[PDB]
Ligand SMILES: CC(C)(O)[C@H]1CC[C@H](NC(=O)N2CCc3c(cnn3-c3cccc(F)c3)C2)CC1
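The form deposited without the ligand is given below as one chain in structure tokens.
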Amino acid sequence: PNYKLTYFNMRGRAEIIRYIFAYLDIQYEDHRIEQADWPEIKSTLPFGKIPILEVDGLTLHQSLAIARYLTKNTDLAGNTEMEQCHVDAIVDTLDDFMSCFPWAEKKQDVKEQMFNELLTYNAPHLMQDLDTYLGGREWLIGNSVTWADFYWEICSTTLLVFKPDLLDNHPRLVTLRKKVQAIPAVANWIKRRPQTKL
């Protein structure tokens, strides 16, 4: 089909979709809107939220729903129904934590305090749980890369902006990031994508 992804000019919640299209070598329109565009665009959306992916004229929404759709019947999905469950579960665990952050908080002092508390008091527990889950394995699930590995690299990239030492006790989680970033199609996307804070 023809694909049109609509999101802000940010990695954010679209980036997982962008990595999947890159890895699979699938062409798509990467439509990046400005804030000034938002009201007009929002009025068309099913639940007033982006990203959305238009597929031959039909709208999909929810970043992870779309990610899962794009990876079905590909080597990124997980090799068994059980492993597909593990992929989903790891992704939702990461997403649950990312959703704790007050990204829309206007009071900058309150926002900063909350970010620093989450990254200092809460994040280390998740990092240890992830490290223990990965153990000595090459990838989070199965014997080959899945979109859970991609989501780890995406989420950790943003977390590292606010907490540079996040992974100083977890070299195995850094190695995993590096392994994702070394995949040629992914490396190419990372190199060429617009440089945005988030």
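If you superpose the two forms and keep the largest set of C-alpha atoms that fall within 1.5 Å, you have the rigid core. Numbers follow the displayed sequence, beginning with 1.
Peer 1: Which has the higher mean CA temperature factor in the PDB entry, 19-27 or 175-183?
Peer 2: Result: 175-183.
Peer 1: Quick one: higher average CA temperature factor, 114-122 or 97-105?
Peer 2: Result: 97-105.
Peer 1: Return the residue from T146, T157, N143, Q62 that has the highest Cα B-factor in the entry.
Peer 2: Comparing C-alpha B-factors across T146, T157, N143, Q62, the maximum falls on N143.
Peer 1: Taking the entry's C-alpha B-factors for this chain, is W38 in the lowest, middle or highest third?
Peer 2: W38: CA B-factor falls in the highest third of its chain.
Peer 1: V87's Cα B-factor: lowest, middle or highest third of the chain?
Peer 2: CA B-factor rank for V87: lowest third.
Peer 1: Using the B-factor values recorded in the entry, state whether the Cα atom of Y151 falls in the lowest, middle or highest third among the modelled residues of its chain.
Peer 2: It falls in the bottom third of the chain.
Peer 1: Should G57 be placed in the lowest, middle or highest third of its chain by the C-alpha B factor in the entry?
Peer 2: Middle third - that is where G57 ends up once the chain's C-alpha B-factors are sorted.
Peer 1: Would you mind ranking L70 by its C-alpha B-factor against the rest of the chain and naming the third, lowest, middle or highest?
Peer 2: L70: CA B-factor falls in the lowest third of its chain.
Just so you know, the form solved in complex with the ligand exists too; it's not on screen, but the next bit is about it.
Peer 1: Check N73 for me: does it contact the ligand in the deposited complex (non-hydrogen atoms, 4.5 angstroms)?
Peer 2: No, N73 is distant from the partner.
Peer 1: Would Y7 count as touching the ligand in the deposited complex under a 4.5 Å heavy atom rule?
Peer 2: Yes.
Peer 1: With heavy atoms only and a cut-off of 4.5 Å, decide whether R13 touches the ligand in the deposited complex.
Peer 2: Heavy-atom contact with the ligand at 4.5 Å: present for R13.
Peer 1: Though only this chain appears here, would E112 touch the ligand in the deposited complex if you measure heavy atom gaps against 4.5 Å?
Peer 2: Looking in the deposited complex, residue contacts with the ligand do not include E112, since no heavy atom lies within 4.5 Å.
Peer 1: Can you name the residues of 30-50 that have a non-hydrogen atom within 4.5 angstroms of the ligand in the deposited complex?
Peer 2: Read in sequence order, the lone residue that approaches the ligand (within 4.5 Å, in the deposited complex) is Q35.
Peer 1: Which listed residue (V110, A89, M82, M98) has a Cα shift of at least 2 Å between the shown form and the other one, rigid core superposed?
Peer 2: Among the listed residues, the one whose C-alpha moves by 2 Å or more is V110.
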